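Enquirer: when you get a sec, could you give me coordinates for this:
(2 chains)
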Number of protein chains: 2
Amino acid sequence: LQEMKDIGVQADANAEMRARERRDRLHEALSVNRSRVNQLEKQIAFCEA
Amino acid sequence: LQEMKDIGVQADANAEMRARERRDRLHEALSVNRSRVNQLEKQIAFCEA
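Expert: Residues are numbered from 1 along each chain as shown, chains lettered A, B, ... in the order given. The coordinates are given below.
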């Protein structure tokens, strides 16, 4: 248990599932955000010109 | 010792320094290659526009 506190992680199974779910939803949202920024940057550069 | 057989990694002191040196020089090389790719894509996108 001291080793578990030296590595500095809570390591609870229920928290592991909740954490992975929240991070995955944010990774998916970020991938969509980058894609949107890329198409709108094209629109911006083209329309301004 | 069974935990060492389960993880399946030799992890010799010499092997550890060698592994980090190769993967760290690779991490910087990836960042440089990707930066060149992004720079060339921005120039090409400007040329198209």
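Enquirer: element containing residue A:43, please.
Expert: helix A:13-48 (DSSP states H and E).
Enquirer: now that helix against helix B:13-48, angle please.
Expert: With axes from the mean of the first three to the mean of the last three Cα atoms, to 10 degrees applied, the angle from helix A:13-48 to helix B:13-48 works out at 30 degrees.
Enquirer: close to chain B, is helix A:13-48?
Expert: Yes - Helix A:13-48 reaches chain B (Cβ under 8 Å from any Cβ of the partner chain) through A:42, A:45-46. Every residue, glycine included, has its C-beta placed from N, CA and C.
Enquirer: what sits against the residue of chain A found nearest chain B?
Expert: Residue nearest to chain B within chain A (Cβ to the nearest Cβ): residue A:45, separated by 5.4 Å. The contact partners of residue A:45, by Cβ atoms under 8 Å, 6 or more residues apart in numbering or on different chains, come to B:45-46, B:49.
Enquirer: in a markdown table, list these along with distance to residue A:18.
Expert: What follows is the contacts of residue A:45, written out as a markdown table (distance: Cβ to Cβ, whole Å):
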| residue | distance to residue A:18 |
| --- | --- |
| B:45 | 41 |
| B:46 | 45 |
| B:49 | 45 |
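Enquirer: out of those, who's nearest chain A?
Expert: The closest of the contacts of residue A:45 to chain A turns out to be residue B:49 (Cβ to the nearest Cβ; 5.4 Å).
Enquirer: burial measure for that closest one, as a count.
Expert: Residue B:49 has 10 neighbours, counted by other Cβ atoms under 10 Å in any protein chain shown.
Enquirer: got a list of what it touches?
Expert: Taking Cβ under 8 Å, 6+ apart, one finds A:45-46, A:49 in contact with residue B:49.
Enquirer: can you check residue A:1 too?
Expert: Residue A:1 sits next to no residue when contact means Cβ under 8 Å, 6+ apart.
Enquirer: kindly report the same for residue A:32.
Expert: Listed by Cβ under 8 Å, 6+ apart, the contact set of residue A:32 is empty.
Enquirer: which residue is nearest the centroid of chain A?
Expert: residue A:27 (3.1 Å; Cα atoms, centre = their mean).
Enquirer: residues contacting that one?
Expert: By Cβ under 8 Å, 6+ apart, residue A:27 has no neighbours at all.
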